[PDB]
Every structure is written in C-alpha cells, then in structure tokens.
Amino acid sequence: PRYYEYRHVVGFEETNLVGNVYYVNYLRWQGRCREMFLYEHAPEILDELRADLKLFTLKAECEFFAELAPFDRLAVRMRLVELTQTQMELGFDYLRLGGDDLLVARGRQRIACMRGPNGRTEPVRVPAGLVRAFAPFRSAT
C-alpha cells in the first residue's frame, strides 16, 4: 500500500461545452485527494492548519493523456515522491475505472510546511505526525 486512493464520480459541473472534463478540475482533484489523505491519516493537521500551520503549494502540474466523461468513475492515486526537511513532492496517477482501467492523466505537487503571521511566515520542518502518516509511502526505510 504505497499510495493513497481518492475515488470520485465525475459530475456535470466538471464538464464543459465539449462534453469532457475541463482541465482545471484535475488540479482541483489533487487538493481534494491530498486533504482526504490528511482526513483519514493525519486529521490532527487540520487543527494545525486551523491554527498557525500553513501548507504552501510551491508547484502544481498535470499532464493529460485522455479525456473524461460525465459519470466516469475516477481513482486518483497519490504517492510520496520525495520528503525533505521542510517539503514534500507528491505524485498523482489519474485512472478512469471501467471495463478496463485507463491512465487519463499524471500530475505532481511540491508543498512546503510553514508557520507565522500571514506575510511573515517561515518554512518549518514537516510535522512529526505527517511524517509518521507517510511511513508506508516513503521509499526510505
């Protein structure tokens, strides 16, 4: 279990006039996937994130290979690519679950942990709890 899975049934609001899913939604799903991971494996991070901790997204990207239709069942699999003192690089595989599974997109995010008054924040070491939650996903043993 080296990845976290977020499942989603595509809705009409996510489509555009061409009939497929508008590209922005793929980036939105990265955030949804990453926060559900926190909800299920490190809920304590919200209290921090509701306090003074901040998760700053340094980079967000997605490459698209195929299209998605309304009501396609999607599985976004998140993996930990790299964990540094203060940052985390996350990888996302987007699978359309059907008669057969199809990789419709692949993305990445780099996030930095930070604390301090808005405008006067500084990078902080990845919270111990989050590092523990990442245990099964870390390449390092």
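From 1 onward, residues are counted along the sequence shown.
Here the stretch with the larger average CA B-factor, out of 112-120 and 55-63, is 112-120.
As recorded in the PDB entry, 15-23 is the stretch of 15-23 and 123-131 with the greater mean C-alpha temperature factor.
Residue set 50, 34, 77, 73: peak C-alpha B-factor at 50 (per PDB entry). Ranked by C-alpha B-factor against the other modelled residues of its chain, residue 43 falls in the highest third. Sort the modelled residues of the chain by CA B factor and residue 107 lands in the middle third. For residue 138, the recorded CA B-factor ranks within the highest third of the chain. Only modelled residues enter the ranking.
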